[PDB]
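File shown: entry.cif (mmCIF, C-alpha atoms and all ligand atoms).
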```
data_upload
loop_
_atom_site.label_atom_id
_atom_site.label_comp_id
_atom_site.auth_asym_id
_atom_site.auth_seq_id
_atom_site.Cartn_x
_atom_site.Cartn_y
_atom_site.Cartn_z
CA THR A 86 20.18 8.27 -22.61
CA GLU A 87 16.86 7.34 -24.27
CA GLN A 88 15.99 5.18 -21.23
CA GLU A 89 16.34 8.09 -18.77
CA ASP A 90 14.24 10.31 -21.06
CA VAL A 91 11.37 7.80 -21.35
CA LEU A 92 11.52 7.25 -17.55
CA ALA A 93 11.10 11.00 -16.91
CA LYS A 94 8.13 10.99 -19.32
CA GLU A 95 6.39 8.15 -17.45
CA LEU A 96 7.02 9.94 -14.12
CA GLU A 97 5.05 12.95 -15.41
CA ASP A 98 1.93 10.83 -14.66
CA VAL A 99 2.77 10.56 -10.92
CA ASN A 100 -0.38 12.47 -9.96
CA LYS A 101 -2.63 10.12 -11.99
CA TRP A 102 -4.50 6.96 -11.05
CA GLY A 103 -3.15 4.34 -13.42
CA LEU A 104 0.54 5.28 -13.52
CA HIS A 105 2.52 2.69 -15.54
CA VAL A 106 4.36 1.32 -12.49
CA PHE A 107 5.63 -1.90 -14.16
CA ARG A 108 7.12 0.10 -17.02
CA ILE A 109 8.76 2.45 -14.48
CA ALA A 110 10.23 -0.58 -12.67
CA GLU A 111 11.83 -1.79 -15.95
CA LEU A 112 13.19 1.61 -17.09
CA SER A 113 14.74 2.44 -13.71
CA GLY A 114 16.80 -0.77 -13.37
CA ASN A 115 14.31 -2.22 -10.83
CA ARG A 116 14.21 0.95 -8.65
CA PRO A 117 10.51 1.93 -8.84
CA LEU A 118 10.28 2.63 -5.09
CA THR A 119 13.33 4.88 -5.10
CA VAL A 120 12.39 6.97 -8.16
CA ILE A 121 8.67 7.33 -7.37
CA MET A 122 9.34 8.32 -3.74
CA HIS A 123 11.98 10.81 -4.89
CA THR A 124 9.60 12.26 -7.49
CA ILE A 125 6.73 12.57 -4.97
CA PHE A 126 9.00 14.17 -2.33
CA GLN A 127 10.06 16.85 -4.87
CA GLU A 128 6.44 17.35 -6.05
CA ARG A 129 5.18 17.97 -2.48
CA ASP A 130 8.28 20.06 -1.62
CA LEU A 131 9.01 17.64 1.26
CA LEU A 132 12.85 18.00 1.19
CA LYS A 133 12.87 21.76 1.83
CA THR A 134 9.99 21.57 4.32
CA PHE A 135 11.72 18.93 6.48
CA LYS A 136 15.33 19.81 5.54
CA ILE A 137 16.03 16.35 4.16
CA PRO A 138 19.45 16.29 2.43
CA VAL A 139 18.83 14.81 -1.03
CA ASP A 140 21.75 12.35 -0.79
CA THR A 141 20.32 11.14 2.56
CA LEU A 142 16.91 10.47 1.01
CA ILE A 143 18.29 8.48 -1.94
CA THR A 144 20.58 6.42 0.33
CA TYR A 145 17.73 5.41 2.66
CA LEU A 146 15.32 4.65 -0.23
CA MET A 147 17.85 2.45 -2.06
CA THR A 148 18.53 0.62 1.20
CA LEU A 149 14.79 0.26 1.89
CA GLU A 150 14.15 -1.05 -1.63
CA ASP A 151 17.01 -3.60 -1.23
CA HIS A 152 15.11 -5.10 1.73
CA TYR A 153 12.06 -5.98 -0.41
CA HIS A 154 12.67 -9.47 -1.94
CA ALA A 155 13.25 -9.79 -5.69
CA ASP A 156 12.05 -13.43 -5.76
CA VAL A 157 8.64 -12.56 -4.15
CA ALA A 158 6.12 -12.13 -6.97
CA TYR A 159 3.60 -9.73 -5.39
CA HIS A 160 4.84 -8.29 -2.06
CA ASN A 161 7.96 -6.62 -3.46
CA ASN A 162 9.38 -3.14 -4.31
CA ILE A 163 6.82 -2.71 -7.14
CA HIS A 164 3.88 -3.28 -4.78
CA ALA A 165 5.45 -0.78 -2.34
CA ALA A 166 5.99 1.84 -5.08
CA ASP A 167 2.34 1.34 -6.17
CA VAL A 168 0.83 1.83 -2.68
CA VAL A 169 3.03 4.92 -2.18
CA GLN A 170 1.83 6.47 -5.47
CA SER A 171 -1.79 5.48 -4.85
CA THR A 172 -1.62 7.10 -1.40
CA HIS A 173 -0.12 10.19 -3.04
CA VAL A 174 -3.09 10.52 -5.40
CA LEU A 175 -5.67 9.96 -2.58
CA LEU A 176 -4.05 12.71 -0.48
CA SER A 177 -4.77 15.20 -3.34
CA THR A 178 -8.51 14.42 -3.29
CA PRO A 179 -10.50 17.75 -3.36
CA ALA A 180 -12.55 16.71 -0.28
CA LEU A 181 -9.26 16.42 1.68
CA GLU A 182 -7.78 19.74 0.46
CA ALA A 183 -5.75 21.39 3.23
CA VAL A 184 -7.07 18.83 5.73
CA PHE A 185 -3.77 17.15 6.69
CA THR A 186 -0.53 18.89 7.75
CA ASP A 187 2.83 18.34 6.10
CA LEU A 188 3.78 15.98 8.95
CA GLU A 189 0.69 13.76 8.40
CA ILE A 190 1.36 13.70 4.62
CA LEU A 191 4.96 12.55 5.27
CA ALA A 192 3.72 9.91 7.75
CA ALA A 193 1.19 8.46 5.24
CA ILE A 194 3.70 8.34 2.37
CA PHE A 195 6.60 6.95 4.46
CA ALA A 196 4.24 4.32 5.96
CA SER A 197 3.14 3.26 2.47
CA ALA A 198 6.83 2.95 1.51
CA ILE A 199 7.75 0.56 4.33
CA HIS A 200 4.37 -1.18 4.83
CA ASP A 201 5.54 -4.56 3.45
CA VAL A 202 9.32 -4.41 3.68
CA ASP A 203 11.11 -7.77 4.06
CA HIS A 204 7.93 -9.72 3.22
CA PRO A 205 8.81 -13.42 2.81
CA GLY A 206 5.77 -14.23 0.56
CA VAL A 207 3.73 -16.18 3.12
CA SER A 208 0.79 -15.06 5.26
CA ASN A 209 0.45 -14.42 8.97
CA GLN A 210 -1.50 -17.65 9.48
CA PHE A 211 1.17 -19.64 7.66
CA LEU A 212 3.88 -18.15 9.90
CA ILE A 213 1.77 -19.02 12.99
CA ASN A 214 0.95 -22.61 11.89
CA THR A 215 4.61 -23.41 11.07
CA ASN A 216 5.81 -22.25 14.50
CA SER A 217 8.04 -19.63 12.87
CA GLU A 218 10.51 -17.32 14.64
CA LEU A 219 8.50 -14.29 13.45
CA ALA A 220 5.26 -15.48 15.14
CA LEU A 221 7.22 -16.55 18.23
CA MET A 222 8.65 -12.99 18.39
CA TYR A 223 5.34 -11.15 17.91
CA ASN A 224 3.01 -13.47 19.82
CA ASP A 225 0.77 -14.32 16.82
CA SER A 226 -0.65 -10.73 16.39
CA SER A 227 0.00 -8.71 13.18
CA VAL A 228 3.23 -10.76 12.87
CA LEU A 229 4.26 -9.42 9.41
CA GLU A 230 3.09 -5.84 10.03
CA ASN A 231 5.07 -5.44 13.28
CA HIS A 232 8.09 -6.82 11.37
CA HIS A 233 7.71 -4.43 8.38
CA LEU A 234 7.63 -1.53 10.87
CA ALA A 235 10.73 -2.70 12.79
CA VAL A 236 12.83 -3.05 9.60
CA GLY A 237 11.57 0.23 8.06
CA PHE A 238 12.57 2.16 11.20
CA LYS A 239 15.79 0.21 11.91
CA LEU A 240 17.10 1.08 8.43
CA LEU A 241 17.05 4.81 9.30
CA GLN A 242 20.05 4.14 11.59
CA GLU A 243 22.30 2.92 8.73
CA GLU A 244 25.03 5.32 7.50
CA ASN A 245 23.53 8.50 5.98
CA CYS A 246 19.98 7.08 6.13
CA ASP A 247 18.19 9.22 8.78
CA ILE A 248 15.86 11.29 6.60
CA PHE A 249 14.16 12.67 9.75
CA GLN A 250 17.37 14.10 11.32
CA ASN A 251 16.16 17.73 11.05
CA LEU A 252 12.72 17.10 12.58
CA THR A 253 12.15 18.23 16.16
CA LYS A 254 11.92 15.55 18.86
CA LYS A 255 8.14 16.10 19.03
CA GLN A 256 7.75 15.88 15.23
CA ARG A 257 9.76 12.58 15.29
CA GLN A 258 7.60 11.15 18.10
CA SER A 259 4.36 12.14 16.29
CA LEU A 260 5.42 10.77 12.90
CA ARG A 261 6.55 7.48 14.48
CA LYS A 262 3.21 7.00 16.28
CA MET A 263 1.25 7.78 13.08
CA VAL A 264 3.34 5.43 10.94
CA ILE A 265 2.93 2.56 13.44
CA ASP A 266 -0.85 3.19 13.58
CA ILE A 267 -1.11 3.14 9.76
CA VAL A 268 1.01 0.06 9.03
CA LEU A 269 -0.73 -2.03 11.73
CA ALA A 270 -4.02 -1.13 9.97
CA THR A 271 -2.86 -2.95 6.74
CA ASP A 272 -3.30 -6.34 8.45
CA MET A 273 -6.44 -7.76 6.80
CA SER A 274 -7.70 -9.19 10.13
CA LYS A 275 -8.45 -5.52 11.02
CA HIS A 276 -10.41 -4.81 7.77
CA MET A 277 -13.94 -5.40 9.13
CA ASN A 278 -13.47 -3.08 12.17
CA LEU A 279 -11.84 -0.30 10.09
CA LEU A 280 -14.73 -0.41 7.60
CA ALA A 281 -17.40 -0.29 10.30
CA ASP A 282 -15.81 2.80 11.91
CA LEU A 283 -15.36 4.34 8.42
CA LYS A 284 -19.12 3.90 7.81
CA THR A 285 -19.86 5.44 11.23
CA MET A 286 -17.78 8.51 10.30
CA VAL A 287 -19.61 8.71 6.97
CA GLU A 288 -22.99 9.00 8.80
CA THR A 289 -21.83 11.71 11.23
CA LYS A 290 -19.74 13.38 8.47
CA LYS A 291 -19.22 17.18 8.85
CA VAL A 292 -17.99 19.30 5.89
CA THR A 293 -17.64 22.93 4.70
CA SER A 294 -19.95 24.38 2.01
CA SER A 295 -17.43 23.17 -0.64
CA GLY A 296 -17.55 19.61 0.75
CA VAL A 297 -14.15 19.61 2.47
CA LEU A 298 -13.73 17.16 5.38
CA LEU A 299 -13.63 18.75 8.87
CA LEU A 300 -11.44 16.45 11.04
CA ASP A 301 -10.34 17.97 14.37
CA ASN A 302 -8.99 15.27 16.75
CA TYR A 303 -6.35 12.60 16.35
CA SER A 304 -8.78 9.64 16.47
CA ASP A 305 -10.71 10.91 13.42
CA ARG A 306 -7.60 12.01 11.46
CA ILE A 307 -5.59 8.81 11.98
CA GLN A 308 -8.73 6.79 11.14
CA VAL A 309 -9.00 8.44 7.70
CA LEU A 310 -5.26 8.01 7.01
CA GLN A 311 -5.42 4.34 8.06
CA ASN A 312 -8.34 3.70 5.69
CA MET A 313 -6.58 5.76 2.99
CA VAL A 314 -3.45 3.55 2.93
CA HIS A 315 -5.70 0.49 3.40
CA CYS A 316 -7.63 1.56 0.29
CA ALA A 317 -4.28 2.05 -1.54
CA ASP A 318 -3.24 -1.47 -0.45
CA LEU A 319 -6.56 -2.76 -1.89
CA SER A 320 -6.43 -0.58 -5.06
CA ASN A 321 -5.38 -3.16 -7.72
CA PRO A 322 -8.95 -3.97 -8.91
CA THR A 323 -9.69 -0.20 -9.28
CA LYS A 324 -6.82 0.37 -11.76
CA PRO A 325 -7.00 -0.01 -15.56
CA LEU A 326 -7.52 -3.72 -16.42
CA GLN A 327 -4.06 -4.16 -17.98
CA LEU A 328 -2.46 -3.27 -14.61
CA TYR A 329 -4.96 -5.26 -12.46
CA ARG A 330 -4.44 -8.47 -14.44
CA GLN A 331 -0.68 -8.22 -13.85
CA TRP A 332 -1.23 -7.82 -10.11
CA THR A 333 -3.62 -10.78 -10.19
CA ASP A 334 -0.98 -12.92 -11.93
CA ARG A 335 1.59 -12.00 -9.30
CA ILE A 336 -0.60 -12.64 -6.19
CA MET A 337 -1.72 -16.02 -7.58
CA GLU A 338 1.93 -16.95 -8.22
CA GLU A 339 2.80 -15.97 -4.62
CA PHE A 340 -0.20 -17.82 -3.11
CA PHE A 341 0.60 -20.99 -5.19
CA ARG A 342 4.17 -20.98 -3.83
CA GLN A 343 2.77 -20.85 -0.27
CA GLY A 344 0.37 -23.64 -1.16
CA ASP A 345 3.31 -25.69 -2.50
CA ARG A 346 5.03 -25.27 0.88
CA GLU A 347 1.85 -26.28 2.72
CA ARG A 348 1.41 -29.43 0.58
CA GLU A 349 4.93 -30.80 1.21
CA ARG A 350 4.56 -30.17 4.98
CA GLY A 351 1.23 -32.06 5.04
CA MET A 352 -0.80 -28.94 5.90
CA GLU A 353 -4.33 -28.02 4.83
CA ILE A 354 -3.72 -25.79 1.78
CA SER A 355 -4.97 -22.21 2.35
CA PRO A 356 -7.73 -20.55 0.25
CA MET A 357 -6.55 -19.60 -3.29
CA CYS A 358 -3.18 -21.34 -2.71
CA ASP A 359 -3.94 -24.66 -4.46
CA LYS A 360 -2.72 -24.51 -8.07
CA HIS A 361 -4.43 -27.87 -8.78
CA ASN A 362 -7.91 -26.75 -7.56
CA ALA A 363 -8.11 -23.00 -8.25
CA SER A 364 -10.75 -20.68 -9.70
CA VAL A 365 -8.81 -17.48 -10.40
CA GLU A 366 -11.73 -15.60 -11.99
CA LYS A 367 -14.36 -16.56 -9.39
CA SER A 368 -11.92 -15.60 -6.62
CA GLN A 369 -11.48 -12.13 -8.15
CA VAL A 370 -15.22 -11.54 -8.31
CA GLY A 371 -15.45 -12.73 -4.68
CA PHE A 372 -12.57 -10.44 -3.67
CA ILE A 373 -14.38 -7.45 -5.24
CA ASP A 374 -17.89 -8.24 -3.93
CA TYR A 375 -16.94 -9.04 -0.31
CA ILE A 376 -13.82 -6.89 0.38
CA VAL A 377 -12.76 -4.26 -2.21
CA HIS A 378 -16.10 -2.81 -3.35
CA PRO A 379 -17.72 -2.39 0.12
CA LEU A 380 -14.58 -0.50 1.19
CA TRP A 381 -14.27 1.71 -1.92
CA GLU A 382 -18.02 2.53 -1.94
CA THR A 383 -17.67 3.71 1.64
CA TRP A 384 -14.54 5.76 0.85
CA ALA A 385 -16.43 7.16 -2.19
CA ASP A 386 -19.17 8.30 0.17
CA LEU A 387 -16.66 10.02 2.49
CA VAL A 388 -15.19 12.09 -0.36
CA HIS A 389 -18.27 12.30 -2.62
CA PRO A 390 -17.95 12.82 -5.54
CA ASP A 391 -14.15 12.70 -6.06
CA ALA A 392 -13.75 8.89 -6.10
CA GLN A 393 -16.48 8.28 -8.73
CA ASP A 394 -14.00 7.46 -11.55
CA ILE A 395 -12.18 4.94 -9.29
CA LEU A 396 -15.49 3.23 -8.46
CA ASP A 397 -16.50 3.11 -12.15
CA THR A 398 -13.23 1.39 -13.04
CA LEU A 399 -13.76 -1.12 -10.23
CA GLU A 400 -17.26 -2.06 -11.50
CA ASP A 401 -16.01 -2.26 -15.14
CA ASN A 402 -13.28 -4.64 -14.05
CA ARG A 403 -15.66 -6.74 -11.95
CA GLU A 404 -17.96 -6.97 -15.03
CA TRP A 405 -14.99 -8.13 -17.15
CA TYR A 406 -13.82 -10.83 -14.75
CA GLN A 407 -17.46 -12.03 -14.39
CA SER A 408 -17.69 -12.36 -18.19
CA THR A 409 -14.62 -14.69 -18.18
CA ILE A 410 -16.60 -17.19 -16.04
CA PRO A 411 -18.63 -19.56 -18.25
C1 LIG B 1 -4.82 -8.33 -7.48
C2 LIG B 1 -5.66 -9.42 -6.79
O1 LIG B 1 -5.32 -9.49 -5.39
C3 LIG B 1 -5.96 -10.39 -4.65
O2 LIG B 1 -6.75 -11.19 -5.12
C4 LIG B 1 -5.72 -10.36 -3.17
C5 LIG B 1 -6.35 -11.12 -2.18
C6 LIG B 1 -7.42 -12.19 -2.31
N1 LIG B 1 -5.86 -10.77 -0.98
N2 LIG B 1 -4.95 -9.83 -1.17
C7 LIG B 1 -4.29 -9.23 -0.17
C8 LIG B 1 -4.82 -8.01 0.28
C9 LIG B 1 -4.20 -7.31 1.31
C10 LIG B 1 -3.06 -7.83 1.92
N3 LIG B 1 -2.49 -7.13 2.91
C11 LIG B 1 -2.52 -9.07 1.48
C12 LIG B 1 -3.14 -9.77 0.43
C13 LIG B 1 -4.83 -9.54 -2.48
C14 LIG B 1 -3.88 -8.52 -3.07
MG MG B 2 0.98 -6.19 4.21
ZN ZN B 3 0.65 -4.46 1.00
#
```
If you convert what's in this file into structure tokens, what do you get?
Ligand SMILES: CCOC(=O)c1c(C)nn(-c2ccc(N)cc2)c1C
Ligand SMILES: [Mg+2]
Ligand SMILES: [Zn+2]
Amino acid sequence: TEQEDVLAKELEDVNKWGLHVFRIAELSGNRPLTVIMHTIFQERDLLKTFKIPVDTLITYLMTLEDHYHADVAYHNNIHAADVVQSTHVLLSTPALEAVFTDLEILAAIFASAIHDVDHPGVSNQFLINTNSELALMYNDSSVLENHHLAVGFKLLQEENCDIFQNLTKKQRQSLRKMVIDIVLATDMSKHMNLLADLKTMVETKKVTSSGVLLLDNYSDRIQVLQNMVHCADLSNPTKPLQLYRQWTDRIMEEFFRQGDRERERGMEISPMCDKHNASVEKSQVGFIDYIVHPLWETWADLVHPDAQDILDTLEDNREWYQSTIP
């Protein structure tokens, strides 16, 4: 049909920063995670390399996508599809050419795919303060992140869902460790420590004459992949304004719902969660100045000069939001 044709046309931009992910979600019948993952797996030749039966891949991905909540405005299948595709573009950065193996590329993409699965739309601190079963289970540390990992891996055991069935036992062990390491690093309470170590690597940075990153041990390699997916998770303000504003609208809607829960329980309403006392534009400038820019400037330095266009878009967007403040 015309819908399938226009979908295939949008997917041609899968290697570009600024893919029309919302449009893809609409055209695919709300299956952006399934179709983008499938497209990326074919593009990187990941099915033949790891002998993943195509029917097995689709079955797992549709199941995975079903476990992201439709009624959660930001942390849903669209956010997952976006982080996956953003990770995919960062992996193709010239400074990282031939740096990671096929197993590490699969780990980073699969981790991005599951990184927020089954998100209930409330934060770690909210789950802790409300004496929830999740926080009780995970002893108050990376409560959501440990949960997203458990569900992402448990789903592989459903009928015809084990996409890793043809990997060796050692390959399975290695991928699992890498995925756990990456998803735990998406907990914002770890942001400051990741960034500091990223800056340390930037100072001691070793490269070839063409500027390709030389990363020999696990510690250095997993550190770059953790920051890569972390950067993808914090990529909304670096995308074309039309996309960023939509993400902003969704996170504010999610945060206000949490704030509405906090108000009726008699709790102190969390930052940016009070719809009656908000400053959406100031909060975005604050988000860029204190979190997103310091991270992306450091990443830019690691892969100089390949991230220059991403950084320019970030500063343009910051300038625009600032202008909306009287
Ligand atoms: C598009 C605008 O997004 C945000 O403002 C924002 C803030 C503030 N925190 N977060 C956020 C970042 C990382 C994680 N893991 C959860 C929430 C986002 C997306
Ligand atoms: Mg998360
Ligand atoms: Zn996320």
Collect all residues with atoms no farther than 10 Å from ligand ZN 3 (chain B), counting all atoms listed in the file, and output them as a JSON list (two decimals) with C-alpha atoms, keeping the file's coordinate frame.
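And here's result_29.json as it stands now:
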```
[["chain", "number", "residue", "atom", "x", "y", "z"],
["A", 159, "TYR", "CA", 3.60, -9.73, -5.39],
["A", 160, "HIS", "CA", 4.84, -8.29, -2.06],
["A", 161, "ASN", "CA", 7.96, -6.62, -3.46],
["A", 164, "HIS", "CA", 3.88, -3.28, -4.78],
["A", 165, "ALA", "CA", 5.45, -0.78, -2.34],
["A", 167, "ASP", "CA", 2.34, 1.34, -6.17],
["A", 168, "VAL", "CA", 0.83, 1.83, -2.68],
["A", 197, "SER", "CA", 3.14, 3.26, 2.47],
["A", 198, "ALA", "CA", 6.83, 2.95, 1.51],
["A", 199, "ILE", "CA", 7.75, 0.56, 4.33],
["A", 200, "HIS", "CA", 4.37, -1.18, 4.83],
["A", 201, "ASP", "CA", 5.54, -4.56, 3.45],
["A", 202, "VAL", "CA", 9.32, -4.41, 3.68],
["A", 204, "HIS", "CA", 7.93, -9.72, 3.22],
["A", 230, "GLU", "CA", 3.09, -5.84, 10.03],
["A", 268, "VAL", "CA", 1.01, 0.06, 9.03],
["A", 271, "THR", "CA", -2.86, -2.95, 6.74],
["A", 272, "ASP", "CA", -3.30, -6.34, 8.45],
["A", 273, "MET", "CA", -6.44, -7.76, 6.80],
["A", 314, "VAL", "CA", -3.45, 3.55, 2.93],
["A", 315, "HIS", "CA", -5.70, 0.49, 3.40],
["A", 317, "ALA", "CA", -4.28, 2.05, -1.54],
["A", 318, "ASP", "CA", -3.24, -1.47, -0.45],
["A", 319, "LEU", "CA", -6.56, -2.76, -1.89]]
```
### Query
What do you get as a PyMOL selection string if you pick all residues at most 9 Å from ligand LIG 1 (chain B), counting all atoms listed in the file?
chain A and resi 159-160+201+208+271-273+315+318-322+329-337+356-357+365+368-369+371-373+376
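Each of A:149, A:191, A:228, A:176 was checked against ligand MG 2 (chain B) using all atoms listed in the file; the smallest atom-to-atom distance is that of A:228.
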Please, which residues are within 12 Å of (-14.1, 18.7, 9.3) by the file's coordinates, counting only C-alpha atoms, and could they come as an mmCIF file with C-alpha atoms, in the coordinates of the input?
```cif
data_model
loop_
_atom_site.group_PDB
_atom_site.id
_atom_site.type_symbol
_atom_site.label_atom_id
_atom_site.label_comp_id
_atom_site.auth_asym_id
_atom_site.auth_seq_id
_atom_site.Cartn_x
_atom_site.Cartn_y
_atom_site.Cartn_z
ATOM 1 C CA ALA A 180 -12.550 16.710 -0.280
ATOM 2 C CA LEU A 181 -9.260 16.420 1.680
ATOM 3 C CA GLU A 182 -7.780 19.740 0.460
ATOM 4 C CA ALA A 183 -5.750 21.390 3.230
ATOM 5 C CA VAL A 184 -7.070 18.830 5.730
ATOM 6 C CA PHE A 185 -3.770 17.150 6.690
ATOM 7 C CA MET A 286 -17.780 8.510 10.300
ATOM 8 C CA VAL A 287 -19.610 8.710 6.970
ATOM 9 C CA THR A 289 -21.830 11.710 11.230
ATOM 10 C CA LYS A 290 -19.740 13.380 8.470
ATOM 11 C CA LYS A 291 -19.220 17.180 8.850
ATOM 12 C CA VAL A 292 -17.990 19.300 5.890
ATOM 13 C CA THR A 293 -17.640 22.930 4.700
ATOM 14 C CA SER A 294 -19.950 24.380 2.010
ATOM 15 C CA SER A 295 -17.430 23.170 -0.640
ATOM 16 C CA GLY A 296 -17.550 19.610 0.750
ATOM 17 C CA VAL A 297 -14.150 19.610 2.470
ATOM 18 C CA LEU A 298 -13.730 17.160 5.380
ATOM 19 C CA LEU A 299 -13.630 18.750 8.870
ATOM 20 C CA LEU A 300 -11.440 16.450 11.040
ATOM 21 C CA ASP A 301 -10.340 17.970 14.370
ATOM 22 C CA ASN A 302 -8.990 15.270 16.750
ATOM 23 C CA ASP A 305 -10.710 10.910 13.420
ATOM 24 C CA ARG A 306 -7.600 12.010 11.460
ATOM 25 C CA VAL A 309 -9.000 8.440 7.700
ATOM 26 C CA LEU A 387 -16.660 10.020 2.490
ATOM 27 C CA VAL A 388 -15.190 12.090 -0.360
#
```
### Query
From the list A:354, A:280, A:380, A:174, which residue is nearest residue A:214 when using all atoms listed in the file?
A:354
### Task
To one decimal in Å, tell me the separation between atom CA of residue A:219 and atom CA of residue A:245.
28.3 Å
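Residue nearest ligand MG 2 (chain B) within the list A:355, A:402, A:231, A:308: A:231 [criterion: smallest interatomic distance, all atoms listed in the file].
Counting all atoms listed in the file and comparing A:234, A:313, A:260, A:352, the residue that lies closest to ligand MG 2 (chain B) is A:234.
For residue A:105, the set of protein, DNA and RNA residues having any atom at most 8 Å away, when counting only C-alpha atoms and skipping those fewer than 4 positions along the same chain, is residues 95, 109 and 328 of chain A.
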### Message
Can you measure atom CA of residue A:229 to atom CA of residue A:203 for me? One decimal in Å is fine.
### Response
8.8 Å
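Here atom CA of residue A:169 is placed at a distance of 23.3 Å from atom CA of residue A:278.
Proximity to ligand MG 2 (chain B) was assessed for A:222, A:270, A:410, A:212 counting all atoms listed in the file; the smallest distance is recorded for A:270.
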### Query
Excluding same-chain residues fewer than 3 positions from residue A:249, what lies within 12 Å of it counting all atoms listed in the file, as a PyMOL selection string?
chain A and resi 131-132+134-139+141-142+145+188+191-192+195+238+241-242+245-246+252-261
### Which of A:147, A:269, A:155, A:163 sits closest to residue A:243 [using all atoms listed in the file]
A:147
### Message
What's around residue A:343 at 9 Å? Count all atoms listed in the file, leave out sequence neighbours fewer than 2 positions away in its own chain, and write the answer as a ChimeraX atom specification.
### Response
/A:206-208,211,338-341,345-348,354-355,358-359
Please rebuild stretch 164-177 of chain A with N, CA, C and O atoms and return the result as a CSV table (one decimal), keeping the file's coordinate frame.
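Written file, part38.csv:
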```
chain,number,residue,atom,x,y,z
A,164,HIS,N,5.1,-3.4,-5.6
A,164,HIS,CA,3.9,-3.3,-4.8
A,164,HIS,C,4.0,-2.1,-3.9
A,164,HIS,O,3.1,-1.3,-3.7
A,165,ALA,N,5.2,-1.9,-3.2
A,165,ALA,CA,5.4,-0.8,-2.3
A,165,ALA,C,5.4,0.5,-3.1
A,165,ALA,O,4.7,1.5,-2.6
A,166,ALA,N,6.0,0.6,-4.3
A,166,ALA,CA,6.0,1.8,-5.1
A,166,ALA,C,4.5,2.2,-5.5
A,166,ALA,O,4.2,3.4,-5.5
A,167,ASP,N,3.7,1.2,-5.8
A,167,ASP,CA,2.3,1.3,-6.2
A,167,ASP,C,1.4,1.9,-5.0
A,167,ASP,O,0.6,2.7,-5.3
A,168,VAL,N,1.6,1.4,-3.8
A,168,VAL,CA,0.8,1.8,-2.7
A,168,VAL,C,1.2,3.3,-2.3
A,168,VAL,O,0.3,4.1,-2.0
A,169,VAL,N,2.5,3.6,-2.4
A,169,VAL,CA,3.0,4.9,-2.2
A,169,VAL,C,2.3,5.9,-3.1
A,169,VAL,O,1.8,6.9,-2.7
A,170,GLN,N,2.4,5.6,-4.4
A,170,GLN,CA,1.8,6.5,-5.5
A,170,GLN,C,0.3,6.6,-5.4
A,170,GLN,O,-0.2,7.6,-5.7
A,171,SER,N,-0.3,5.5,-5.0
A,171,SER,CA,-1.8,5.5,-4.8
A,171,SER,C,-2.2,6.4,-3.7
A,171,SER,O,-3.1,7.2,-3.7
A,172,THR,N,-1.4,6.3,-2.6
A,172,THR,CA,-1.6,7.1,-1.4
A,172,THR,C,-1.4,8.6,-1.8
A,172,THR,O,-2.2,9.4,-1.3
A,173,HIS,N,-0.4,8.8,-2.6
A,173,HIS,CA,-0.1,10.2,-3.0
A,173,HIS,C,-1.3,10.8,-3.8
A,173,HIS,O,-1.6,12.0,-3.6
A,174,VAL,N,-1.9,10.1,-4.7
A,174,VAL,CA,-3.1,10.5,-5.4
A,174,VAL,C,-4.3,10.7,-4.5
A,174,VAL,O,-5.0,11.7,-4.6
A,175,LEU,N,-4.5,9.8,-3.5
A,175,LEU,CA,-5.7,10.0,-2.6
A,175,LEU,C,-5.5,11.2,-1.7
A,175,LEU,O,-6.5,11.8,-1.3
A,176,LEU,N,-4.3,11.5,-1.3
A,176,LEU,CA,-4.0,12.7,-0.5
A,176,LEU,C,-4.5,14.0,-1.2
A,176,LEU,O,-4.9,15.0,-0.6
A,177,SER,N,-4.4,14.0,-2.5
A,177,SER,CA,-4.8,15.2,-3.3
A,177,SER,C,-6.3,15.3,-3.7
A,177,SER,O,-6.6,16.0,-4.6
```
